[PDB]
Amino acid sequence: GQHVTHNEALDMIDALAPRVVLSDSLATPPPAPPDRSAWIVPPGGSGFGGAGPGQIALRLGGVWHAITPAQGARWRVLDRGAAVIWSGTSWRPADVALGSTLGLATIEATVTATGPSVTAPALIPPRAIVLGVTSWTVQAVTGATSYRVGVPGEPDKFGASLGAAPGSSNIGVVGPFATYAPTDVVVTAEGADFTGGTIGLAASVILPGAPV
Amino acid sequence: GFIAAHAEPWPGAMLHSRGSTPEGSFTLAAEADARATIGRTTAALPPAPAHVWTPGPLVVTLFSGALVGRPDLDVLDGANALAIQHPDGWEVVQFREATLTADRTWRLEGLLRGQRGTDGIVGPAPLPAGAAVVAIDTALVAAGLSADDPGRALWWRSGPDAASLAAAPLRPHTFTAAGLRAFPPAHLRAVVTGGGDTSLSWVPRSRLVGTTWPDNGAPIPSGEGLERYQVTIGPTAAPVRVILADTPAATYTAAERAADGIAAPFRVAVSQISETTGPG
Amino acid sequence: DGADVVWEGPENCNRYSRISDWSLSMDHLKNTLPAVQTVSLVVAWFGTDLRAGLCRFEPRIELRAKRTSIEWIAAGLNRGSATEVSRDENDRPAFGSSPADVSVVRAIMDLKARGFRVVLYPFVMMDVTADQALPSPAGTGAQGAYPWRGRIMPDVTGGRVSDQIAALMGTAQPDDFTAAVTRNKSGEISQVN
Amino acid sequence: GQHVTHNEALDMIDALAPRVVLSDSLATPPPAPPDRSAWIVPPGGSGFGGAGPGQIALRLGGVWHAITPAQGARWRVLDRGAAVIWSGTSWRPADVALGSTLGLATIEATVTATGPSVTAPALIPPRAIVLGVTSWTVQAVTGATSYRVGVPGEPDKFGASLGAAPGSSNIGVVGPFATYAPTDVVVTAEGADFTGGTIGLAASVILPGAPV
Amino acid sequence: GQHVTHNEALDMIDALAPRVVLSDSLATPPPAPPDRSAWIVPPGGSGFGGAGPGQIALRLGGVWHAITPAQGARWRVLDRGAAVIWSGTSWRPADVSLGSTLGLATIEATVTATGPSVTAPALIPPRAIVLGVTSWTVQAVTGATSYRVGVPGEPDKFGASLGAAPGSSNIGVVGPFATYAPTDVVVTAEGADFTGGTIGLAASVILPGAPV
């Protein structure tokens, strides 16, 4: 209650918890930042910034809190768009984007393996790089010697010969080439009958499609 | 000693007379206005985490009356508290609300435990499938007992005024409310140190005052007289080293561990033995 | 049935006073009638069909539940054991059960010393239900909603009329029924099993 | 407070916050793990960190508190360099490392478009991987049907047929290939007047293999 | 305190701290959202915890109060495995990372640079994506201009010129080419003598389909 105010706690949580900072890389913090807004003071930061350079100054109704950044806490810069984590020692800009935040579409395509071939429904999102098209075998595939994952019309695009064995997470890795243009996935039996099996898929497709 | 009475469609005063003698020389000790609201548990529940609402679905068929679903704030100041029949102290839960599932059945939800050691009875024993849950009410009667009476199984006539002896059930019974003192286990902050110096700090937790947290400079007081908090050794059910300490801090020693067997991260259960009474 | 048992519903009592109507009725009767020789304890014994031999004279409870501290075992049939004969209308006859063995002894005991000369009247009323045909002693020999006492006849066979009569009677012995008389704390009969 | 110290809350704050944990996979936790840093005990770890091996032992005041990881608990493993998110069942490593931090410099710019051919000034930094090229249109481009955004002389590198229209987002990947080499992205037009219009143009700028 | 129980405070703290939360995008939330856990409410979300579409429905004590999302706190989407940081107006999607983690197991080797060139001991396993390979200069190379850390048979393929200078972390990144296929990196001095210096190399190993 009076001894520990709710506000003290609320501010503490907001400031300490990872926040996307709005730092503009200026020597001085903006005169009127938003309430509960984190601004990391850049090195060689003049003017205000009660927090030392390399420390986050968080506006709280005009009170800039000199909070030493928490270890392992992301402090993405709004202006930069860069994810600058604090390691407890130094600022590190982690993997990132420039108005094109990359989202890896986790697409799970489950297709019963039937007849000779089936087409997986995991269409690539338009303009999305594919890191890897992993294929799992949900259920043992009768007849088929191996999976033949690929884009329709080609069973050899990635993981040309995979595993039809039960519970096998064989990876059809696109690898160096990534198909940004939207495309479906086709699965075929390897010189055999697909029926009697179930196919699981782990399409990982990173799209730089979101403004930041 | 609380004696709420579930009258079976009975209109009139209920006379509760207590006689120590088995034969039944009862002397009037209490009177009950009408059938009290009572409930019968239809479910078994593991102990809820202390001081946090837990939405266990506790289905209770109300013997008499109906439960009320209410805002948590009212229960915070004390509203929806029902005492289930329990080993030792009857366990009373300040659940935020109860949800009707059937005409008699109400599902208590957001159960709150650990208030005045509400959780203390539950931790050793999870609630049984069937128990008598009684709402706090005017009908509940606790007065008329001499100090000597607790700890003695005085036969209690417990029935309508017209009914007597066999007709108003006469049951030998004892009450241990004073014994229930210091029900919350003393806050335990055991600190293992080199030489097996585990200091089992035992900040006093007081049942009668309640589990007060210092607020605006209002620290938890006593009111349970004196309590010797106890450490239960983790390796053995009977503590290899039995220490009941009035002092909260109880630093351990290497020599005890050497002489017998004490684990370094041994689990400690606070048995709330009290100087004033017995374990509480 | 219902929930936990509620100790209400005093039997044989419809009085506002709640004391049993039995004995209270006797008080009124005694006051009105000087002679006091009206005892006719006609049992509400249960019988089934109107054809003799086929009919069996076995009593049944007023209601399947209606649990009471007292229990009744006429002809070896317990309150739990038998079926309801006193259902409350709605196409089910409210015949009424045979009185408890304890009640019979108690009745004799109350009648005694009240100036009432006690004479027991065995009465069996057959109340087989409807849904068959027309109740008949013989000829059709069918069964009906109400069979009058003494209207039973054996029509399966002339040679077997004796056999049918024997079947209806049974072959009772005093030893065949064992009386587990029980006395309460007062010492008056509590349960005559 | 007194009953629950601010320090108890502060220790909790470090634990609650995602942390750069160190998975050194030592059966016995190091004698002096960094304070306010969690050293994750490997599963099966002996001696210290005995409670819940596979939990994270966080050193606060010289006491290693093994935090029980929850669903989606992300702890960046320093030794691996991967950010490993404990799914709840077990550790699950995120897609990626070597101390490599992907530096980002914001280059979103509004290129006023005058004439069919306009030159974007967003030259890539040397040795900076371009995940994708970000395209937006800020103002109505008059008489515009197509955006030939791409390297000058080869507008085909990024889509050259992206529709040119007011407020049109043509955000996209420049193929599987990433352009480390510095390059402009001239906004040419396929016989489309761009006058009277503004283009929001950015290229994701990633500097991989850059030390913390 | 009496006014706010320690537990009341704890629940508030857990909720405010960024929590990975599952967005199944249903009109109605799962029947038992766990305590200290929430189901993301999509816009148009209704029912219990339907207060505010675009919020998070969290059940504590049987009441599914919907927490107001805090900007800068990452309410990552467990259900789609999509990182989602609240933008304050929308569930902005951050970089996303399967049911098949793309696990990182960097191989650290410290070959002493010797003779003219030393193939790096660090080895890329089959199906391991290489984001990049580090070339830390542990010791001053004698006469060696650069660390040509390259895919075997092609030092120039990536990181062709990274200055071989003492105390320099010459991380080199295979950005356009993700070599899932196994490669033993070959490090060569740039037309120079490797002897007298030490190279610290971590080779990024990313394995799709890794178990959790």
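For reference, chains read A, B, C, D and E in written order, and residue numbers begin at 1 within each chain.
Going forward, a contact is a pair of C-beta atoms (placed from the backbone, for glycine too) under 8 Å apart; a residue touches a chain by one contact, two chains touch by 3 or more.
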| item | value |
| --- | --- |
| Chain labels contacting subunit B and also subunit C | none |
| Subunit B-subunit E separation of Cα centroids, rounded to whole Å | 51 |
| Between subunit C and subunit A, distance of the C-alpha-averaged centres to the nearest whole Å | 86 |
| Between subunit C and subunit E, centroid-to-centroid distance (C-alpha), Å | 88 |
| Separation of subunit A from subunit D, taking each centre as the mean of its C-alpha atoms, in whole Å | 8 |
| Junction residues of subunit E - those touching two or more other chains | 1-3, 6, 9, 13, 17-18, 97-98, 102, 176, 211 |
| Sites on subunit B at which at least two other chains make contact | 213-216 |
| Chain pairs in mutual contact under the definition given at the outset | A-B, A-D, A-E, B-C, B-D, B-E, D-E |
| Subunit A residues within the subunit B interface of the complex | 1-3 |
| Subunit A-touching residues of subunit E, taken from the complex the two chains share | 1-4, 9, 12-13, 16-18, 70-74, 80-83, 85, 92-100, 102, 127, 129, 176-181, 207-209, 211 |
| Subunit D partner contacts - residues on subunit E that touch it in the complex | 1, 6, 9, 13-14, 17-21, 36-37, 76, 78, 97-98, 101-106, 131-134, 159, 169, 171-173, 175-176, 202-204, 206, 210-212 |
| Footprint of subunit E on subunit B - complex, ascending | 50-55, 72, 96-97, 109-110, 112, 212-216, 218 |
| Residue ranges of subunit B in contact with subunit A within the complex | 214-217 |
